[PDB]
Structures are given as structure tokens and as C-alpha cells.
Ligand SMILES: *C(=O)CCCCCCCCCCCCCCC
Ligand SMILES: *C(=O)CCCCCCCCCCCCCCC
Ligand SMILES: *[C@@H]1O[C@H](CO)[C@@H](O)[C@H](O)[C@H]1NC(C)=O
Ligand SMILES: *[C@@H]1O[C@H](CO)[C@@H](O)[C@H](O)[C@H]1NC(C)=O
């Protein structure tokens, strides 16, 4: 109890001469509170149930009618040395590892590469589940982006970002903004549920740090009443995620040309939104306008850093795109 | 919004001439509210994280030091007809199925039974994970039962059940009762998380209906301020669950005599608590005392039925015990 | 959290009958358990009767059980105490109180009742 | 939700200087955006100046910008309006108001301000 009061130091989050008692809900206006973020877990559980139903009953028949392999992976040819290496040394050999395996086994590099690819396919999930998951992600991202556009087109701070801080933190919470924030947090918690326990044969890497940071930001911006500037980020970062899933679906459906077109469009949108618009719009309204309108407050030094971190991550992703798109040309 | 108001009809849940506005929290007393049940999902997620950490870091080294097979199942001998039957017909043949398979394959019943047992072990999880899960369940159940005993030993309604309804529903909510209810709901939600998505190669049968009913009762008793009578049920039904896990651990550790002793003690406690004490204590204070103290209200006709349902389920479990204990003699 | 006003007090002959009334000015009279206490000359206050909010359960003292009947009317926001076969030992000052939302049912102590009242003298 | 009292009004010679004060009796003066309006003989009310709760951002009217300065003191719970190089067109009744917790910053309409005040006459 006391440690929670220590963490929520009113001289750290809120600006100068502003206390949490000023943000208490009353009959005049409604302000965001931390207790409103507890519904996110039940809504995430409901979203996970709906996702399971959609994958098992809706996406699977469509994939079957789309000529998607309903069986599992293939069977690698038997080999004692290769099996021992796969179980002990590694599972995804590189060029040097392939050369070493060819030298040790006195076999061609192509045969060893094919055997290891078959073993990886055995360890990897089937195409049907990935197609269903991609379809669910595409539908959810499309709906989220459409709702974000519809909500933001009428807001006053979309065109003038300085309105995000003019009356901060004394800004009432509307139903649409609360629904948007709760939906985003619920989707991220649903992703956490599907990542942590649905299948433990996964990777906890960049996309998990990214998820954790996104949930961190959405929570500590909602509790700090920084909800007018978080909607811009949420709508900006969900614009390109609706095309990668379509590209994956096209790739799985043996549609190479459609996959290439969707992937190049996704690359263009991703680069433009997260390298051209983000640093000149969101970092502009966060680093400079907030400083000159709200003044210096400690929590600022936190939030900006995290945003910069996100930018760095997306820069890394740009690398992983810029080469692949070169192959797509 | 309107449908939620329709569902929470004040003439259905609360007694006559009692409205929800009478149960609003004020400076004089604190009453349970539905909004307090939203923390259950975050606490269940935390419990699931702690369970994963305990299984991977605490229970596994102890099982290794206890000489528990750290490898997977065995390999069944190859057979085309047997494999086709296993993939198509069934996985757990009965006596008639075993006779039919022996007639078709012209093989001994023992060989086919051994092959199908090996195949089932291949499909079944390894002993290590089951031992870790049993250890976690044993620890959690022991702690819950100890806390329930410590809380109930000082309460006034444990010795006289009529105190559960004398001031109902105008009974203040204490910190200990709230903690107990939230802990129980969190544990049940953690079980739901570990059942629904952790492994889909499970069975959704009696223990899932039982879980759903338990969560139903704990929620709709907490929101109805029937918390003085729910603690008795929660402490009564958790007395025997702390011995079955110990019996399973003893069985897995190649300790047959200890397993038999623990299982017979568990059977005695289970029968006594859920067949001798439950109908004469909880059904007594629910069917009769509640009727003569609180009077007739509609929600009563619901709750009792569910309790009876639970009793029936436990009767079924008694059957599954009464034969097995006969083998244990 | 309620204001209690008593009535019906007075002086009656031996083996008489009295009906003391306790009224509350508020809408929360139906959510508290009322009670009646006596105070004889000397000694201290004694418990007489009590009942919960619904009036289904009533409990009296050992020396007064069988003669006093305590009831309530939530429509009129009032409580009644009827006395039968009065005794000279019943001459005392009678007080009307209420359980303080936290005392358990069956309490027979002064400290368990918060909202007291002026009380009325009864002489046999 | 606050009570506003104005002062500093009066009559001054041409090209004079005035300092109108608007005080509030409450602890919530620091959480509202204050504003000053004028009302000349005839026509209707006109917008003069406004600022948010912190006082960092201030915005005036087109015809008065460069001569009027609006500021606030949250320690004293007051707002000040300083006039430089007055003109005969400035003779009007001045009113002090406040944004009603929902109107966006930059509003220049009468309906966006709830807590009005008596106002003071200024004659050049
Ligand atoms: C991955 O690249 C996409 C991550 C999406 C980020 C979502 C975060 C939204 C909340 C932003 C809050 C920032 C406000 C603080 C500024 C001072
Ligand atoms: C399985 O056999 C054990 C199930 C445990 C049941 C837990 C339910 C506790 C809540 C009881 C509420 C009943 C109150 C209603 C009585 C009128
Ligand atoms: C309920 O209240 C009404 C009016 O307040 C009254 O007429 C009725 O007798 C009461 N019923 C019970 C059971 O208290
Ligand atoms: C904060 O308030 C104090 C006293 O109320 C005052 O002295 C100080 O100038 C104020 N600071 C700001 C930045 O408003």
C-alpha cells in the first residue's frame, strides 16, 4: 500500500502545482483513472475467445476452399549423424555450419540444407494455423485503423497538435477515447495471452520487448491523462500492420505477384509513416511543443526516451524490410 | 447498457424492499461491489506467471533429485494396421475393441494393448510436467486451506450459521473476506487460463463444468453480498484437494505404499467432508435457515439448485473413488 | 445516523399494559436493527429487547421473555414494544437504540448501540 | 463553479493605462482558463483576451493585440489585464469569465464561458 503511494509521486507524473486530487471524477467532468484499466483483462479474454472461434470456424473453411495444405509437415530422411547434430549442435545451420556439416558427413551441401529445412518445417507450425492467425490479425488491424480514422477525423487536436497540451491535464475523457484506449489495451493483452502460454515453442525477442513497451506506454499515458497524444501514435502505428497480414495471406495462397505487390505497398506505407511522419509529427509535438506549453516535468524525461526507443526498433525493422523489398523488385 | 440493467433486476437478486442503492459504499460501512471482481484477472495472470516460474525453477530440480524420468515417452513398435486403426478408429481400445483388433490382426491381445499404451504415453505428457503441476497444486491448496482455517476460526458465523442471514444483506465487507474471495477467484481464473490455452490436447468434461460452476457461484455470491456463506463452502471443498496432489506426487516418485496411504486418507477426508458434513451443514443453512430468516426471494431458487448440482458432481466423484480405494486395500 | 423519538410512556396500575413507540425521521430506519433498553433507579442500564431490520428475528432478555413483544413497521418507520402482565420491577426509564451497522446480531451491550434517544419513564 | 469579482474600473484620460483585476473566492481558480470580454454601447459583446490555467499561453483579439496584456497569479487567485495606449473605442463595460471545463482552448464565443461577473465600466 505504502509502496504504491511512493511510486505514484504527484511531483513526478503531474506538472507543477498539480495534484491527483485535482483529477478526481465529479459531476462537472470525467477524467481517466487507473481503475478503468482493469476491464482490459476481461476484454482481452473475450477477444481471445473470439479469436479462437474465428480461427477454428471461419478462417479454416476459407483456407480449405483456398487450397491450403491441411496436413502437417514432411518427413526428413533418416540420418544418425544429422539427427545427432540437429538435437545437439543447432537447428538452423549457416553457410559455415553447412560447410562444416558437409565436410564431416562427406555429403553435398544441398542435401544437408534440405534435411535441415525439413526438420525445421517439422518443428515449425503448419501453414493453416499461420494463415488463420494472419487473417485474424488483418481483420482486427483493419477494424482498429478504420475506427481510429473515424474518431480522429473530427477531433480538434489532429490538425493542431498544440491542442494536446493547452488544457493538459484538465481535459475531460470522452466515451470514444475511452473505448479506443480500452480496445487497444485489450488487443495488446490478447497478444500477450496468445504469445506467453498458447505455444511455448516461440521466440521472446524484439516483438516481445515491443509489446511490453507498447503496453507500458498505453497504461502510463492513460493514467497520466496523456490520452490526446497517445491516440495519434496508436492510429499512426496501426496503418501499416493491416498490409503485412494481407501480404502473408497472399504468399500462403500461392499468389506470388499479389504478395509482392502487397509487400511493396506495405514497405512504402511503413517507411513513410514510421520514418517520415512520426519524427516530424509526434516527436515534434512531444519534444518541443510540450516543453514550451506544459513546462518541465520529470515524467517527460521518461516518456520521450521510450518513444525514441520505439523509433529505434522501427528503424531496425526498416532494415529487415529494405533488403527484402530489394528481392521483391 | 440497458440489457445489463435488465439482468440486474433488484426484485430478483436482493430480498423484498431492498434495492442496490441501499448497498452503495459510504463512510459508515463498506459493501462488496461487482467492480471489485475485475482485479481477479490481473491477479490470475500474476498467479500463472508465478506458477510457470515455480514449475520451471523450483519443482523441476526437486523432481530431478527425486529420480523422475527427465526424458519423453517410449517408441511403439511399427505396425501399419495398428497405426491406421490408431489414427482412424480410436486411441484407447476397450476389451471388446481389443478382442476385435486381435481377431483382425491375428495377434495376441497383450501385444496390441502394450502398443496402444505406448501410443497413449506418446500422446500423453511426460511425468515431469505432471509432477510439477501436482506440486504447485499441493502448495497452493495447502496455503489456501491454512488461510481459510485461520480466517474462519475467529468469525462468529462458523459456529452459528444463522448469523450468515441475521443482518443480510446489510453486512460490512472486511479486508480478510475480500482477500479470501479475490484469491479464490484468481486461482479459478488461473486454472481456466492453464486449461483453455496452455495445452489444447486436453479434455473439456466434468472438471470444466465444475470450474465454470465454481466461478459462477463465487461471482454471483460476491455481487449479492452472500459472502458469509460462501467462505464456508470454499473452506470445506478445499480440505481434500490438498491430499490428492500429495498422493499423485508419491505415486510419481515410485513410492507405492506412501501413495496408497495418502490416497486412502484423501478418500476418507473427501467422503466425510463432501458427503457427511456438506449436506448436513451447508445445505442445512441454505435451504432451511435462509428461508426462515431472509424469507422467499427468487435468486434463492437459483443458488440452491447449483449447490445441489455441485453435490451431484461430487457424488459422481465418490463413485470414481470408492472402486479405486477398493483396489488400494 | 438516525434521530429517534419515543412516546407512549406514562404511569399505569399493576398488571397493566403499555405500548411504547419509537419513531425515526429518515428513510434508513428499515436498514438498522432496533433495540429497547431499561434503566432502573440505581445499578445500570439493562437490556430488554432487540430485533433486526426485517423484524423476522427478535430476541429479549431472560427476565422479560414471554411478556414483552417487540415489532416494527417499515412503512411507517416506527418500532413498537408491547408489555403484558406488568410487574413493579418494570418501573424504569426506557431507551430506544439501534445497532451501529457493525455489531453482530444478538449483542446485549450498551456499546453496541449508537443512536440513542431521550427515553420515557414507566411507573407501575 | 467559481465566484468572480472585478475591480480597477474607472475613467481615465486618452492614451492612458488601466489595470483591471478579477479575483475568485475558491481553491479551483488555478484549474480554469480565464478570459476578458468587452461590451460597447450597442452591437453586442466582443472578445478581448483569454488564457489557460497555467498562464503560459495567452491569446487576444485582432483589434486589441499588441496593447493589452493578460496575466494571472495562482498564489493570490487573481487575474490581471493591463492596457497600454488606450483609444476612445475602448470605452465599454468589461466582463471576466472562465472556460467551462469543456470548451477547447482558443474559443472566442460567449457560450463557451460559464462563470460570468458583474463587470466594470471603462471610459477613455
Ligand atoms: C511498434 O513499433 C508500435 C508501438 C505502438 C506504440 C503505442 C503507444 C501509444 C501510447 C503513446 C503515449 C505517449 C505519450 C507520452 C508523450 C509525452
Ligand atoms: C467442486 O466440487 C468444488 C466447488 C467449490 C464451490 C465454491 C463455491 C463457493 C461459493 C458459494 C456461494 C453459495 C451462496 C448461495 C447460497 C444461497
Ligand atoms: C415493503 O414496503 C411497503 C411500502 O414501504 C410495505 O407496504 C410492505 O409491507 C413492505 N413489505 C415488507 C415485507 O417489508
Ligand atoms: C505554485 O504555487 C505556489 C504557491 O501556491 C506559488 O508560490 C508558485 O509560484 C506556483 N508555481 C507555479 C509554476 O505556478
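Here Swiss-Prot sets the residue numbers for chain B, with the shown residues being 2-330 in order.
Each Cβ is built from the backbone N, Cα and C atoms, and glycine gets one as well.
For the ranges B:242-262, B:263-283, the feature annotated in Swiss-Prot as transmembrane segment maps to B:263-283.
Of all Cβ atoms in the protein chains displayed, 13 besides its own lie within 10 Å of the Cβ of residue B:18 (N-linked glycosylation site).
Residues of the region 'Homeobox-like' (B:66-127) grouped by DSSP class, helix first, strand second and coil last, total 36 helix, 0 strand, 26 coil.
Under 8 Å from some Cβ of the transmembrane segment (B:263-283) lie the Cβ atoms of residues 162, 230, 233-234, 237-238, 240-241, 244-245, 247-248, 251, 308, 312, 315-316, 318-319, 322-323, 325-326, 329-330, all in the same chain and six or more residues away from its ends. Panel annotation: around the transmembrane segment (B:205-225), residues 14-15, 33-35, 37-38, 170, 182, 185-186, 189-190, 192-193, 196, 231, 234-235, 300, 304, 307-308, 310-311, 314, 317 of the same chain, lying at least six beyond its termini, place a Cβ under 8 Å from a Cβ of the stretch. Counting only same-chain residues 6+ beyond the ends of the transmembrane segment (B:178-198), those with a CB under 8 A from a CB of the stretch are 33, 37-38, 40-42, 44-49, 52, 141, 145, 148-149, 152, 209, 212, 215-216, 219-220, 223, 228-229, 231-232, 235.
Tertiary proximity for the transmembrane segment (B:303-323) is limited to same-chain residues at least six positions away from its ends with a CB under 8 Å from its CB atoms, namely 207, 210-211, 214-215, 217-218, 221-222, 227, 234, 268, 271-272, 275-276, 279-280, 283-284, 287-288.
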